[PDB]
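As structure tokens, the structure follows; a few thoughts come after it.
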Amino acid sequence: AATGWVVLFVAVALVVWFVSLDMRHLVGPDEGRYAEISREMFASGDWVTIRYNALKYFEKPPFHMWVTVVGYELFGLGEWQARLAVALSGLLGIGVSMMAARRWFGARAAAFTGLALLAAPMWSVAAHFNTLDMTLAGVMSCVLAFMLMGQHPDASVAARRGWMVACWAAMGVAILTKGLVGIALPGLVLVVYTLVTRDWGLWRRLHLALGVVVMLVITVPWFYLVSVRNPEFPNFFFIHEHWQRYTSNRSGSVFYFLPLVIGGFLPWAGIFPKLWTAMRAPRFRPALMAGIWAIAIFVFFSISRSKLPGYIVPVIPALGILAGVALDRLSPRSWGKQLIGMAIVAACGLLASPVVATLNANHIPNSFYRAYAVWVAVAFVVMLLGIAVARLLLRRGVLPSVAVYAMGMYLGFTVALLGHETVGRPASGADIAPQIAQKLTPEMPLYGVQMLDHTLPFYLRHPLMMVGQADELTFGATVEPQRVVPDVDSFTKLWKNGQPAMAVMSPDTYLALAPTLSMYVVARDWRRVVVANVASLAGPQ
Ligand SMILES: CC(C)=CCC/C(C)=C/CC/C(C)=C/CC/C(C)=C/CC/C(C)=C\CC/C(C)=C/CC/C(C)=C\CC/C(C)=C/CC/C(C)=C/CC/C(C)=C/CC/C(C)=C/COP(=O)(O)O
Ligand SMILES: [Cl-]
Ligand SMILES: [Cl-]
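Encoded structure:
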């Protein structure tokens, strides 16, 4: 019965979902870093010791790199293979959240959750950005939604056991993805829920024994292996990456995530208060569980000393579920108010498009941002078209109007995402990679002279040899000093009478080494100067 409109929708949703992965180049630092770590883990076969540019990188656990390496084995190297983990994680969050919503609030509310998570710019945009935030958010989305599945009164005891074992295994994979936060956050949400509901017997329906066992038999192996092979791992990873990161100064104010939420859930901002109403009318209270999820995690990261915008992505799935509740209780006129208001907001975004033509960040010229403002404006135009067609279909019902609205928003923010290619392409250094690879060999060193390039070594398929300040590889540079040049003088002596090699540096570094070290330019970029010691690997000078 009119299912062809759904199927087509999903089709139009899925194609744009995957093609958008390969529409733009990798942008630093996260995408190039994790793509390169996955590349080295893929070429070396060592899936235990995480390495970045041949140095140890013990700042993250390796589930994301495992998924991406599988993507490299099945689909080769490339951009969409690097974004495949966060893509499948976004699809996972949408699907499993829709499953929980359908189990609890019905099929229509589940459809509204799918439209809400599909239109949310943080979920759709973050699902195409190669960073561990989206994968953690999808896995923890399986955590929350499985918790909602097992705690259903109409579910059998075997069903509750299955969903709870899958929940503990889910949060286990979560801590295997981004550390102890995948067990700390859901436990905190559970504590707050049991505090406001006074339902302590809830803890009896969790299967702590079997669940804890299933979690340990999946998280303990890698930590034990990388801890035995590298005794310095647990102190750094558990102390410096959690306690020093949360309790001590990526800083910011308390309200640092206040706009990032309102921005990350912009198309549904008009129903932000109604979401709270969903927590009033959810034994077990699911909508209150999702609200305590979003509020608990939001407060947890709002008081952290280290803040990055991707921290609060896990709150989007729960925030989506509540959305699917609110949109389900709306009359046609009530949605009309949303179409009007969001039409005004999108029109304001369209009038505010020329602002991008004034910015120049990360030492990127103003021309690329002048080209970016065009795609921003086109994006807001797509949003206005989707809102218009949604108003045209409002007479057909609230569900199809919300469907066209969410499709227009998703296409719009997708256009705004692909428009960033105009700025990311000159920064990715992919244009000079062919000119470099014509002379560079795998046996040749590529000295990163006081510069940690995240995107160039990937497109070159060639690690760096850190020279001077190694930045986030300093630890790896100190544990294994044989793979790193400590100061610049050793780089000079390795350059003059050393082996044939190339060097990536900043233009200022080139101007500093020019009066002393004789070097010939191999490739020049807006942020990179790539030189060689022998005059054979360059051209004319
Ligand atoms: C109810 C539902 C839905 C499901 C059911 C749930 C269920 C079954 C639950 C049953 C499970 C159960 C017995 C729960 C029992 C109840 C419970 C709370 C147990 C806790 C879990 C256990 C045992 C041990 C964990 C030990 C700790 C210290 C936990 C934290 C305790 C909490 C909460 C708040 C304290 C506040 C502080 C000072 C935290 C610092 C540590 C962290 C965590 C720092 C991360 C900050 C950060 C900034 C991280 C960024 C990561 C990162 C590397 C960013 C890098 O960023 P870039 O690289 O730059 O991108
Ligand atoms: Cl209203
Ligand atoms: Cl980009």
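Numbering-wise, the sequence shown is residues 26 to 274, 278 to 310, 317 to 575 according to the entry's author numbering. C-beta atoms are modelled at their ideal positions from N, C-alpha and C, and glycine is treated no differently.
Could you check which residue in 518, 509, 506, 487 has the C-alpha nearest to that of residue 500? 518
Ignore the nearest five residues each way along the sequence and tell me which others in residue 414's own chain have a CB closer than 6 Å to its CB. 380, 383, 384
Just to confirm my understanding: we take residue 568, look at its own chain, exclude 5 residues before and 5 after, and list those with CB closer than 7 Å. What are they? 534
Counting pairs of Cβ atoms below 8 Å between the segment 58–75 and the segment 87–101, do you hit three or more? yes
First through last residue of the beta strand (DSSP E) which encompasses residue 556: 554–558
Ligand 1 and residue 203: does any heavy atom of the ligand fall closer than 7 Å to the residue's C-beta? yes
Do you know offhand how far residue 477's Cα is from residue 497's? 11 Å
Beta carbon shell of ligand 2 at less than 6 Å from a heavy atom: 368, 371
Going by CA-CA distance only, name the one from 125, 487, 195, 240 that's closest to residue 319. 125
First and last residue of the uninterrupted beta strand (DSSP E) at residue 481: 480–483
Looking at ligand 3, does it come within less than 7 Å of residue 312, judged from the CB to the closest heavy atom? Residue 312 cannot be located in this model; the chain continues from 310 straight on to 317.
Which of the three DSSP states, helix, strand or coil, is assigned to residue 46? helix
State the Cα-Cα distance for the pair residue 434 and residue 164, rounded to the nearest angstrom. 30 Å
Can you tell which of 523, 555, 509, 541 has its C-alpha closest to the C-alpha of residue 78? 509
What three-state label does DSSP hand residue 97 in the structure shown? helix
Rounded C-alpha distance that separates residue 143 from residue 441: 8 Å
Residue 561 (DSSP reduced to helix, strand or coil): coil
Taking all protein chains shown into account, do 16 or more other C-beta atoms lie within 10 angstroms of the C-beta of residue 326, making it buried, or fewer, making it exposed? buried
Are the Cβ atoms of residue 121 and residue 170 separated by less than 8 Å? yes
Distance, Cα to Cα, residue 559 vs residue 35? 41 Å
Compare the Cα-Cα distances from residue 117 to each of 128, 104, 139, 129 and report the closest residue. 139
Beta-carbon spacing of residue 461, residue 204 below 8 Å: no
Starting from residue 537, trace the beta strand (DSSP E) in both directions and tell me its first and last residue. 536–539
Taking the Cβ atom as the reference point for each residue, do residue 439 and residue 424 lie within a distance shorter than 8 Å? yes
Could you check whether the Cβ of residue 52 sits closer than 7 Å to any heavy atom belonging to ligand 3? yes
So what does DSSP say about residue 317, is it helix, strand or coil? coil
Quick one: Cα of residue 158 to Cα of residue 112, how far? 12 Å
DSSP bridge partner residues for residue 499 (one or two, in chain order): 481
Could you check the C-alpha separation between residue 396 and residue 549 for me, to the nearest Å? 27 Å
Best match in 373, 99, 526, 59 for proximity to residue 87 [C-alpha to C-alpha]: 59
Going straight from the alpha carbon of residue 44 to that of residue 104, what length do you get? 11 Å
Closer than 7 Å: is that where the CB of residue 455 sits relative to any heavy atom of ligand 3? yes
For residue 507 and residue 80, which I take to be in contact (beta-carbon distance under 8 Å), what is that distance rounded to the nearest angstrom? 4 Å
Can you tell me whether residue 200 is buried or exposed? The criterion is at least 16 other CB atoms within 10 Å of its CB, across all chains shown. buried
Given a threshold of 16 other Cβ atoms within 10 Å of its Cβ, counted over all protein chains shown, does residue 273 qualify as buried or as exposed? exposed
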